[PDB]
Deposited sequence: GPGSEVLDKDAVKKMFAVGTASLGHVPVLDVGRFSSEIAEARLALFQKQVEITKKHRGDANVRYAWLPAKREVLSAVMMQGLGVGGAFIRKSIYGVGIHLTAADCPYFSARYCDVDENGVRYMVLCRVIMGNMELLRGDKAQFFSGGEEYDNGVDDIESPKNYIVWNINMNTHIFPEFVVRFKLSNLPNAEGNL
């Protein structure tokens, strides 16, 4: 996608919160990001061959200014791992639902918030049954987890998959009211 489409995705997806000014949309562009994209695209090939369909989706990851620098070289295991009602992994918000996690993006010293748009290899999606103690796939037939099959709001990528199945691509800088 281009930066305008990402901006539009974020604007339509946060409309319910009122005035949400988008200050900037950026894309990670470096030798490490390229190598990390190549790694991700090989996992896409593998998951496609294994399941028939890689089922790559866009999803939103709440971030903060302080972790952006680190994210490409050392991975998502900086600090992005959360425990929810659905289990433990990386929790991302579906493409049309950034309103859901916008407030969970930490404000920096200037009032600015940061949300990352990621490509996620969801593969064969497991409908999650609400197990607090789940930290991996409920079975060999499933890859990553989702809360609702028809209208997804939350994806759970298991810890084992965090570096293979998520490519952080775009950073959206924004503000909210009080």
- Do you know which deposited regions have no coordinates at all? 1-6, 85-86, 187-194
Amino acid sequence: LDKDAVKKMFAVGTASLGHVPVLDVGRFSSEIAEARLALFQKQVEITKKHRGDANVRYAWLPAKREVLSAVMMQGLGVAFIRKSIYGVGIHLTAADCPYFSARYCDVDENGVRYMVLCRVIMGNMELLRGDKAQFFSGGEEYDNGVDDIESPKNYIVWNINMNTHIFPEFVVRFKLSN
From here on, numbers count along this sequence of modelled residues.
- Mean temperature factor over C-alpha atoms, higher-scoring stretch between 66-74 and 26-34: 66-74
- Average Cα temperature factor in the PDB entry - higher stretch of 40-48, 138-146: 138-146
- Query: So among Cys105, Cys97, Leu92, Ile85, who wins on Cα B-factor in the entry?
  - Reply: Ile85
- Query: In this PDB entry, which of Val112, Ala133, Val116, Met122 has the top CA B-factor?
  - Reply: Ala133
- What third of its chain's C-alpha B-factors does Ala54 belong to: lowest, middle or highest? middle
